[PDB]
Number of protein chains: 4
Amino acid sequence: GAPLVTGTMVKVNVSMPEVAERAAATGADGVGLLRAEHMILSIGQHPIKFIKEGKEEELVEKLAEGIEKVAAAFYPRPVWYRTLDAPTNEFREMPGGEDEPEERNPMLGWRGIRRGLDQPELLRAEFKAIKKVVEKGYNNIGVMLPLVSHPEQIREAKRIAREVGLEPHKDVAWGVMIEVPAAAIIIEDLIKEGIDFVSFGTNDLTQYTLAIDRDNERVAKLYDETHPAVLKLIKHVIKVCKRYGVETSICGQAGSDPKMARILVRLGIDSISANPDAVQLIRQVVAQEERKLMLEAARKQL
Amino acid sequence: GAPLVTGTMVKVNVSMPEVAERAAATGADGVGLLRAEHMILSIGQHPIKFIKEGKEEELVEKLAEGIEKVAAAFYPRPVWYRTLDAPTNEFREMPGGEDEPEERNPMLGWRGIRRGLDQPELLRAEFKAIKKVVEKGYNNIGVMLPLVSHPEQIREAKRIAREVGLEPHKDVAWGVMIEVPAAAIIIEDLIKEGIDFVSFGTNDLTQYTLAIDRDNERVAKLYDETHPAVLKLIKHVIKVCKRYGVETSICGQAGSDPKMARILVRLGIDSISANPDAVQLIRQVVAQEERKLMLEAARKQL
Amino acid sequence: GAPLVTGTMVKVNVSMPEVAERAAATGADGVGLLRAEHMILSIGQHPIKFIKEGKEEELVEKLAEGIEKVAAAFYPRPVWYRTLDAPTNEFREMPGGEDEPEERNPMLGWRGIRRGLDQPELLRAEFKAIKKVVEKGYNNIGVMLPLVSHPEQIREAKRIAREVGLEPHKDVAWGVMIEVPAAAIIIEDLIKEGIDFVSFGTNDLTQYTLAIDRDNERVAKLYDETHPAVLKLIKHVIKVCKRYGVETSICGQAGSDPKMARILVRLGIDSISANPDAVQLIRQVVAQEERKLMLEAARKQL
Amino acid sequence: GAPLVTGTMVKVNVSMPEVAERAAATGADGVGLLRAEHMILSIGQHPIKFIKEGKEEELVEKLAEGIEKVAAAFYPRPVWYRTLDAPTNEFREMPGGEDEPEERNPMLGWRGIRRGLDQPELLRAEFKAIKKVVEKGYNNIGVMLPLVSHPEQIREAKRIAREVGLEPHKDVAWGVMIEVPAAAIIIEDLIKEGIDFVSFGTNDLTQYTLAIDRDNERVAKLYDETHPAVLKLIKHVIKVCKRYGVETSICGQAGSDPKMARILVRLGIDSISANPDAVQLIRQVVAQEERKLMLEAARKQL
């Protein structure tokens, strides 16, 4: 009759706006990552081509209803939304995708907030839709920027967003993703530009730190998300933003692992984001770890 | 099978004596505020006119049964009752309400315990009914005075109550409401007159502190119950009565807000009073905040 | 043959630009408050209606000569001018005042710098006239904003003034009024926006702190300007701006009271503003209090 | 053009209500002692006989106008009034004074507040007249009790005054006279009953301390008001009420002496009360003594 209650927050990873009731029925504390790849690449057309042709309002209002569905399934609870992020060999395979670079390394190329700031129209449209669903009365949304490594990117994004009416820290929440080692090493510079939350992308971080591709058959035997270097980086970041009053979280595939959950609860993370069918297991693991910590402190005191 | 258990008490706000079983079925720890406006203004007549005509015992015994209903729905649990409080443009609209002042500011006028002490017959009748339901064997009632700003008001009320048989601190509990900034700034003087409990009226306090009416369309955009000044005042009050051994609580519309609940549990309030359809949400928010605090202390110790 | 000399400054309260020689003949150290209600509401017309019709320059130059008269009667001495402040039931009674709200509480409504920032044309005209009389060579004027409770109001006023040529802190002085309890409780936030002086409106402060209207016959028996809470607030404010190097003053009806004068000189205020026929009495009271303080310190030392 | 200003207050001794403009024209800071012997013994009749006959209201209203005259000649300034005090061989010489005791020592007999508390009708009438002139709007009056040596006298006087409507410490000031050595030796007990001011009767104190009558030709060669014992007593009293926050003063014939003025200013008295033709001399002596003290402290510091 009574649910299980933990101090650490356990959230859920929403992929499409159609799996949102089965996710709200799991007992999660919010949405940890709602991706936009589907909601944007569903119109069977290159978005840059789609807007040159000139159909902006259709895409805008479609995004608006897609976002409001999820926002209203979990209202009192927070929802975090990450702007578009896909490689260049993902835009090549759509009607209108004929002009491409066929790069030799699409993992270290033109993607994420870099491409976003080069063509500010995608950012304009997404911020328009977000403000659109905000003015209906949903005050539980926040924005997440992917692949940040210089503070100039944060400031230019804030300006682009402020030109079209949206207001950071008073209409939404402003946060970033940590996936490049540089961002993990100079985290204080990024914090000094006024952010609210941070999230660990352990997939990309583990790949860029060990200089290894996971899809390659010959070197995927070295992949490991509990390697000492990644743990040093995570510990440093958590320490600093704890000191500055910022909230920490982790999404990815290592959010659904019991061993990583134990490590992260012993270090002091604020939230964990799990796949829709792993929320109960992680809830139990976190509860047990917390009771262990409390017992240890009681014994030391007595 | 087992209910959810929190250290902080979560109570419920009862409006009429007819919604009292649906409220006792929520799992609350008591009643936080039972208003008398309905039970008194239900006789379709001006009460001062009603008693000049001379029908005192009817009103008395009606109040008596109205109060005993609620007191017996939640017996082992405490119930707190607030004496009459309504503006002057509320007595004007009843049969017998022809002699009025049509003031220019009914919010800063003749109402509450001021008007009550001017015409001691209302106080006499209410204290009579309260003692009436007390002598049947209900020892879980307490009295709450609205809009207090001088200790003389507390002493005159104690005398008026002691003349007709009722005895403070041995038959009931004696407490006050905090709605004017003056009462929040000289709280120790009020405590030195022997009270037992205090309650925050955050609606009136926020309105009188910012010099702003909320019903006015042009300046209601500035209303905010988490403004720094109100929080400073609340923190000061809680500190002092914690030092003196007095119990604190909060009623209003901000008792049903998760963000305010988190702020207040981190400061150290003793109880929260919620609307009858918000008890479960506040219960969950309070449980999570308490587990967070305990984990933080364990980590600091280890 | 020699005038009486005090360390504390004693100023005078000027109501109209016609009583300005009888005021300069009292021996005051400056003007403490020059109101604009008369100089603006003298054209027998609603000012918003007056400017829609389109007669801006007439009102501007009339204000200009009205201000220059007072500024030139007391040149070496400072003069402080407070922008328009009147309730809504004061604009209703003029030709053109037909569109009104008939509010239920005009004391907590749309007035002062709130209304001023809603319709920036009044501010534009007043700042134009002030700069007009400044460029003739009068460098002893300063501007005072009424009813401030957020720093955003100060910043928006500074911007509005800087758009039309006037320059704070280099052409005039910039200061505020303290009448809402919120402004007295977060005074440091306001100081951090670069102000030069502050002034206590003890009338409005005493009314908003005790939640009491003074014009109401039934509750005017509780009004008191030496109530402990108001004195706590005044002491806090004086302490903080003393620490930050800002000048303090007091206008109102309690500036012409000997008992308040003694309290305020013992606390350490920088100036007092009296009615034109009470300057000599306050001068004597202040002189005696200062000699008392000096004697006490000498005795403690010896 | 500028008056002389001292930290110590110099007041004046008013004997009748007819010499009150020549006294207000001296530049005094208030009245230090207004006697009632004249205003009461002017009806050519024994007052106890006058009230048995039954003419209370005539005497009451006569006192009322006599007091209001003086109170309105010095309004902003305080006035202190001492209840009736005369020996028994002063009531013997009036129409109706036939029943007397012809005592052997009328200086140590039935007089002052003793006789006053024995026959409470005189106190009733005087307090009635005082409240009468108070309710016209004069808030600068205070009451002084003569010849007090037990706290029971103070409490009984407070009760007698509170029965007929007058309220100590909220309508008037409450103070006492110090003339018996006992009162000077247990001063703290008297202070703990809530008084506001004290005054030295150096005539009676010097006579009762040295066990000497001054009117007697053979032993008046030993009278001296600067005898070491009286000075010890004065120093003790001043010390204690300084510690408790009470105001001190001195009336009598030694208030008009330059040498005593210098002694008393060096000890730290708050006020001095002089005869109507000695105010200027005492003003000059006090000014010189204060400048001397300040110079001494400056030299010690440098």
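Residues 506-807, in that order, are what chain A shows, numbered as in Swiss-Prot.
Backbone N, Cα and C atoms are what each Cβ position is placed from, and that goes for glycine too.
Quick look at what Swiss-Prot annotates:
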ACT_SITE  A:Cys756  active site, proton donor
BINDING   A:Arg540, A:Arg587, A:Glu684, A:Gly706, A:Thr707, A:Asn708, A:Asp709  substrate binding site
BINDING   A:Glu684, A:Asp709  Mg(2+) binding site
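Figure note: comparing Cβ neighbours within 10 Å for the binding-site residues A:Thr707, A:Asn708, the maximum is reached by A:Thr707.
A count of other CB atoms within 10 A of each Cβ picks out A:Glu684 as the most crowded of the binding-site residues A:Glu684, A:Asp709. Of all Cβ atoms in the shown protein chains, 17 besides its own fall within 10 Å of the Cβ of A:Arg540 (substrate binding site). On the backbone, the CA of A:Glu684 (substrate binding site) and the CA of the residue listed as 'active site, proton donor' stand 11 Å apart.
Cα of A:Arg540 (substrate binding site) to Cα of the residue listed as 'active site, proton donor': a distance of 12 Å. In this record, substrate is bound by A:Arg540, A:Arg587, A:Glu684, A:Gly706, A:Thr707, A:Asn708, A:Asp709; the longest C-alpha to C-alpha distance in that set is 16 Å.
When Cβ atoms from all protein chains are considered, those within 10 Å of A:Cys756 (active site, proton donor) total 23, not counting its own. Geometry remark: A:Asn708 (substrate binding site) versus the residue listed as 'active site, proton donor', CA distance 9 Å.
In sequence order, A:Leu538, A:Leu539, A:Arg540, A:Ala541, A:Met649, A:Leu650, A:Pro651, A:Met682 make up the list of same-chain residues 6 or more apart from A:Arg587 (substrate binding site) whose Cβ falls under 8 Å from its Cβ.
For the pair A:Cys756 (active site, proton donor) and A:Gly706 (substrate binding site), the C-alpha distance works out to 6 angstrom.
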